[PDB]
Structures are given as structure tokens and as C-alpha cells.
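Novice: For now just these chains, pulled out of the complex without moving them:
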Amino acid sequence: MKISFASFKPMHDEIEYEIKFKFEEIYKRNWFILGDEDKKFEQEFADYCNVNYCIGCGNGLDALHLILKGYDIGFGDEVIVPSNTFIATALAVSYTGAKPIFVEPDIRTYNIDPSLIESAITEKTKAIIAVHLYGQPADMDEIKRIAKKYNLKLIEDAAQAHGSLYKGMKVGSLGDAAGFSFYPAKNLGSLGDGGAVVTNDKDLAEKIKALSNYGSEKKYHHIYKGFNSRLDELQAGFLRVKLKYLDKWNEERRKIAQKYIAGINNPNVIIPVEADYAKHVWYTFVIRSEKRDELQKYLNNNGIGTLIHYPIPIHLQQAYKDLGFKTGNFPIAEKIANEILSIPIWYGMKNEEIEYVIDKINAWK
């Protein structure tokens, strides 16, 4: 048996005709930038997240960055982020000049440990970016408290959590503003690079709009040193179709994991756990084990495709050396990075395929 780590076939096949039609439809329109699908996606997406506004942009990274910027964050400003997130959450910060400051997660959730944040706060602090990793939220209520107390803007980095709920509410409406990636492989993935911001803050929004468009609100006029990071009319169209089935497919994903969660019985592996306040969307299904490479190789030899998120920690990436951190400053993220692994869980996976993985996992050593 051979099980790819990730496979689009099913959901793609599933809407092929409808996708082909969206495309034929806009191509005929010969309008590819800042138009209709942009508007309706934004409106619908914002609707989906239960917040006033949505501004589409070029990618999830860009989403965050635009938000800090719209917040006017940059040099000699600092921003809290979880030690164990995708480096993309850090660039964003760095991209403004601001300084990302790391906070460890709670190994039980893979998400930033609130109880750990205050201690990171400083005169320079300006914001905290709570990332919803793997598809389940950060403990927003607690995070909230502290942000308030300190008057920090709280930004959700919701790239991996489309359609997730925290205590019954939509990821996207839990902080001051959220950022999303529509990268191909997401729960809601574009057919290319894509991202978007969502906020109830009209001003933040308006600004962010302009910055994504050369810093311009009207023709021939440029009010800021913006850039160019928009979401193509094509991608937005593709998103509109997909958004109708997000909830649908996410429940399937949930069904698979439940199945993983009941089935795996191997002492060396810790399976992932859905936070009590969470409705996990399982962007990824991660397990941890001591001899991860071994497990990984075993699995691969068994036709089972895996990936790690992420074997290498931001503070240990050569791109962040300057900071001068080393093995031991974030042991937790360190540990995780060393034992972590992601198993297949794509929409369309079949029991046979699913049982199969459980079985080889359970038979590991």
C-alpha cells in the first residue's frame, strides 16, 4: 500500500467542473486584478469568520506583516510569538524592523503557553501573535487578558486553522486581527499563493487595503509606501467555490483523526490532543516519539508519506543566528522539533488506507 502525506485529488476531482467554470468565467471577463471575486470572497470570508472586514493579499506571511504595518509596528518595537511556530510568523515581524520575541508553547497544545507571556513583555512590546497550530486555537481567553492588561494588539496567526472554533467562535474573530494563508495545502487552499486579513477594525482594514495596493486608496494617488500583495481574481474565485465545502471537508478530516485517535496503540508515540475549548480542524495530525527519524524511515519504507513541522526551530535557523540563541534556550520547542511528526490525513483517505497507517504505526518496534 502507498499513502501520500497529502493528496488533493479527491477534493479537486470533487469540484473540478465547478473550478473549470469559475476560471472560464473570469477569463472571459478579462479582469484579473482587484475585481468582483475579490469583493465577494472578502465579504463571504469575513462572513465566515464573523468579523466586519476581510482584505485579501498575496500570502499568509504577507497577511501578518501588513497587519503589523497597518498597526505601524516596525523598528524598536517588539512582538511576541511562539517559540515553536513556522518561521513565517517571524519573518513577518522582522520584515517590519520590529523584534520577534519568543514564548514557549504548552506541549499539550503545541500552542503558546499564556502563563509564559507576561514575562516576555517589555517597554518595547507592541503585540502578541497567537498562532493556531495544526488547526486548533491558542487559549485566547487567557491570551486576551494579558494583552489587555498590557494594552498589546493581539493578532491571530490563523494560517493553519480555517474554520476552527475556540469555545464556539471562529478563529479570525478572536483577537484584534487575524492573518490567513490560502497556500495550496491548507484546509482552505488556493490554487496558488494566497492570503487574507480579517478584522472588525475599519481603519486598520482601510490602511491595510491601500498598503497591499502600492499604498494607494484612489487612482494616481499614493498615500503610503505600500507594496503589492493582492489576491488574484482567479484565486479568490477558486476560494469562493472552496469556501462552500470547508466546513464539509473539515468534518471529514475530523472523522479521520478520531479514527487515528482511537486506533493507535503504541507506547512510544504520543498522539495529538484536541484542546477542550477547541474544535480542531486537523490541518496536520502530529505525533511525537523519541526515535522520530527511525519511526519516520520505517513509515516511509512502508509507503507511508510523512513530513515534519518543523524539525528545525526558528532560533536555530541560520537565518536568525544574530539573536545568538543556541540549543537549550527553548528546549521545549527544541524537544518538539526533535520528536515531532506529521502523518497523512487528507480528505478522501479511505479506511483501508487509514487502518493501514494505524496498523504500521502500532507495529513500529
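Specialist: Ah, there it is. Numbering: from 1, shown residues only, chains lettered A, B, ... in the order given.
Novice: C-alpha from now on. contacts and neighbour counts both.
Specialist: Fine.
Novice: Surely residue A:32 forms part of a helix?
Specialist: No. Applying DSSP: H, G, I helix; E, B strand; the rest coil, one finds residue A:32 to be coil, outside a helix.
Novice: residues in contact with the residue nearest to it when sequence neighbours are not counted?
Specialist: Using C-alpha to C-alpha, 6 or more residues apart in numbering and skipping the chain neighbours, the partner closest in space to residue A:32 is residue A:233 (5.0 Å). Neighbouring residues of residue A:233 by C-alpha atoms under 8 Å, 6 or more residues apart in numbering: A:26, A:31-38.
Novice: What distance do you get for the residue of chain A positioned farthest from its centre to residue A:213?
Specialist: Going by C-alpha atoms, centre = their mean, the residue of chain A most distant from its centre is residue A:220, 34.9 Å out. Separation of residue A:220 from residue A:213 (C-alpha to C-alpha, to the nearest Å): 11 Å.
Novice: Isn't residue A:216 up against residue A:227?
Specialist: No. The pair residue A:216 / residue A:227 is not scored as a contact, 9.3 Å apart, by C-alpha atoms under 8 Å.
Novice: between these two, who's got more neighbours?
Specialist: More neighbours surround residue A:216 than the other of residue A:216 and residue A:227, with 20 against 14 (other C-alpha atoms under 10 Å).
Novice: Let me see the contact set for that one.
Specialist: A:210, A:222-224, A:226.
Novice: Give me the residue at the spatial middle of chain A.
Specialist: Nearest to chain A centroid, counting by C-alpha atoms, centre = their mean: residue A:159, 1.9 Å.
Novice: what residues are up against that residue?
Specialist: Here residue A:159 is in contact with A:60, A:131-132, A:179-182, A:186 (C-alpha under 8 Å, 6+ apart).
Novice: and if we set it to 10 Å?
Specialist: Contacts for residue A:159 (C-alpha atoms under 10 Å, 6 or more residues apart in numbering) come out as A:59-61, A:63-64, A:86, A:88-89, A:131-135, A:178-183, A:186-188, A:195-196, A:283.
Novice: Which ones among these map onto strands?
Specialist: A:131, A:178-181, A:195-196 (DSSP state E).
Novice: Please verify my assumption that residue A:173 contacts residue A:49.
Specialist: Yes. Using C-alpha atoms under 10 Å, residue A:173 is in contact with residue A:49, at 5.9 Å.
Novice: quick one: common contacting residues for the two?
Specialist: A:165, A:198-199.
Novice: The following sequence is to be added as chain B:
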Amino acid sequence: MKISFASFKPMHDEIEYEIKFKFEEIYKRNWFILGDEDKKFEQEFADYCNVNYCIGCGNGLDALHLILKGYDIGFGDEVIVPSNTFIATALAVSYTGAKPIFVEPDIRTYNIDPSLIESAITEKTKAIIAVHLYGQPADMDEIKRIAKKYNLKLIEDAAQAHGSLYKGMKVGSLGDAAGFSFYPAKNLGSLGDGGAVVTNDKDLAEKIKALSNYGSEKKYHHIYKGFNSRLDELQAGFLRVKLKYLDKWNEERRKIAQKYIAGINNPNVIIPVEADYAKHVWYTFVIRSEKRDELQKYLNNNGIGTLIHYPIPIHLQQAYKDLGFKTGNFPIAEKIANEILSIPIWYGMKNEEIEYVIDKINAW
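Specialist: With chain B added, the chains above now look like this:
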């Protein structure tokens, strides 16, 4: 009759099906980021600009930014640029933490005045961004001269110049590196936002690449604090289809212009001219007039669409006020920005259309 400033129909009708098969083919392959179209297009394009390497990216603004960033450029740095170019040229400099230094253009060619380049060099100056506006080359020759004189990085901003030639040499093969925009409306447009960078410089090419990819050149490892600016497989395939006839559409464009060139004669309209060393691609066929506005409206009420490239100066833009410039500070530009104006010129315009265009123009 009605004349659209632009109009993609003709071409798109023209390639509609092969486009669609490209789309269909890609979707079926479900591989959407950094794949074989990206790879093929890159190769195809570098070859077309006759350089060694091409690095696909998000848009022409990113492309510039990427070149600079790749060249370490940023803070405490100065980059020279036409005072009359598209703002994007400057935003790029700025995103890097560098400071844009503007140089007037040769009104004859609306392109950066080389004579004028040297007086702006400061010891902070690292590159000059020569822009090939509206479809033709700045005069690169003395510029390299200058650049070399000062150990500067010469960067072409070829976003408006797909396939224009300079003394027969292809745009994008002229300095240390070029930036292209695949904005849909360009001579070679994608079906969304698109950018490409070209160069023969392997180390930069290799750097831009990693940068464009979260500063990564190897899964799981990131060496630079980079960004996310790539060219979608979709967009890439689209272009590959387009690249083929880029050359052919560009010629028709040409006839349109030559046409206008003969036929337009009105004492208050200064028709644009193609430099001697150039193979103009006419991304934009711009004319100047002391009564620019009334002319526009005039042309408009006659159903002729036009645009302005551009009405306001980077330096006169709210965005660059920190710059503390004011009218008069950059006269040559201040001037064009007030008299300039773009008229329809799109693959597929019919004789009559053109005729109706010159006709009214003549009538003013």
C-alpha cells in the same frame, strides 16, 4: 465609436483554448507552487532575455526589491531612479530601508538622463535603477559607463519593456540584473500578479531564489530572513503560452504606433519618438499637451479611452513627503506629469479604430 484604452479580447480570444488546456493540465497535476511550469518558464524567459538565469516572483515591485535585497542594499544606502517612473520603482528601494534618489529623464525619451546621473552619486549610493519606460530602453551605454565608474550595481526596471531591444540587445540583458512585471496589462501579462528577475550573476540568482522562498534553498532550513514572493505554476504556464507570440503581438503593436506617428499632426500634440538605438515595444504610446486635461476629456467624450502615466510625481506623492520636495524641485518630471497622456494601443485595434483615433486627435 468606442475605443477602450486597452482590451485583452483579441489576444485572449486568440489563445483562449491553449490557455484553458494549460489550466486544465495543471489542475489535473495538482502541483501548484514551484513546479515544472515555473522551471520551464524560467528557462524559456532567461533565454529570451538571453541571460543565464531567471527567478520567478510575485510582481515587478518584488522583483526590484528582491534584486536589491539580494545585493544587501537597504539601510544607509542610496539607489538612484528616474524622477518620473512608476512609484513602484521607489517603493522597492524603500522596502529595503534604502533611500531613493531621483534623477530627471531626457524629455526626448522620457528616460533617465545619464548626463544627470553623476551629480547624485554620494558615497551611500549603491545602484541606479534605469527604467525602460513605455516600451523602450534608457540609454544604457553611458549608464554602465557611469555605474562602472562608481562600482555601482546597474539594475534595469524592465516591467514596461518586454522584448524591446537596445542597439539590438534585449532588455533585461543590459546591466547587472533586470526586474519584469507580469502585471496583466503588460506586453507580456499573466492572468494575475506576476514578476520575474533575470541575471547572469549566479550568486545573486541563487540568493534571490532562497529569498523569494522564505529565505530557503533547502527544505526545513532557512538561511536568510526572506519572504514569500513566487510565481504561481498557473501564472507561469500562462506566460509560457504567451511568450511564444510575445514577439508577434509586439510587432502589430508597432504598426499601430508607426501608423499614429505618420497620421497624427496637430500643433498642440507632441507625438512620442523612438530613440535611435531602440526597438520600442510601445507598452505605452504617450503624447504631451499644454492642455492635457481638456484634451483627455475631449478624447473621452468621443469614446476614446486613455490613461495617464503618470499624473503625479513620486516626489509629489503623499507617500514621499518625508522627502520634503515641492513643485519646482523636479521640474522636468513636474512638467510631463502635467502634459502627459496615453491613448489606446492594443493588439487587435482595427484600421478604422486607429483611424477614428487619429481622426479626432487631428480634430482637436
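Novice: and the contacts of residue A:159, now that chain B is in?
Specialist: The contact partners of residue A:159, taken as C-alpha atoms under 10 Å, 6 or more residues apart in numbering or on different chains, are A:59-61, A:63-64, A:86, A:88-89, A:131-135, A:178-183, A:186-188, A:195-196, A:283.
Novice: so is it in a helix, a strand, or just coil?
Specialist: coil.
Novice: From chain B, how far out is it?
Specialist: 14 Å (C-alpha to the nearest C-alpha, to the nearest Å).
Novice: likewise residue A:61?
Specialist: Counting by C-alpha to the nearest C-alpha, the gap from residue A:61 to chain B is 7 Å.
Novice: List the contacts of that residue.
Specialist: With contact set as C-alpha under 10 Å, 6+ apart, residue A:61 has these partners: A:87-93, A:95, A:157, A:159, A:179-181, A:194-196, B:214, B:227-229.
Novice: Weed out the non-buried ones from those.
Specialist: A:87-93, A:95, A:157, A:159, A:179-181, A:194-196, B:214, B:227-229 (16 or more other C-alpha atoms under 10 Å in any protein chain shown).
Novice: does any part of the helix ranked longest in chain A sit near chain B?
Specialist: Longest helix of chain A, by residue count under DSSP state H: helix A:9-29. Yes. Against chain B, helix A:9-29 shows contacts by C-alpha under 10 Å from any C-alpha of the partner chain at A:9, A:12-13, A:16, A:19-20, A:23-24, A:26-29.
Novice: How far off centre is that helix?
Specialist: 25 Å (C-alpha atoms, centre = their mean, to the nearest Å).
Novice: Help me confirm that residue A:66 comes into contact with residue A:198.
Specialist: No. At 11.2 Å, residue A:66 does not count as touching residue A:198 under the criterion of C-alpha under 10 Å.
Novice: what is in contact with these two at once?
Specialist: What both residue A:66 and residue A:198 touch, as defined by C-alpha under 10 Å, 6+ apart, is the set A:179, A:204-205.
Novice: okay if I get those as CSV plus distance to chain B?
Specialist: Shown next, in CSV, are the shared contacts of residue A:66 and residue A:198 (distance: C-alpha to the nearest C-alpha, whole Å):
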residue, distance to chain B
A:179, 14
A:204, 17
A:205, 18
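Novice: Residue A:166 reaches residue A:275, doesn't it?
Specialist: Yes. Between residue A:166 and residue A:275 there is a contact at 9.1 Å, judged by C-alpha under 10 Å.
Novice: returning to what we had before: ok, the residue farthest from the centre of chain A - contacts?
Specialist: By C-alpha under 10 Å, 6+ apart, the neighbours of residue A:220 are B:87, B:308-313, B:317.
Novice: Pop out the phi and psi values for the residue nearest to the centre of chain A.
Specialist: phi -50, psi -30 (degrees, to the nearest 10).
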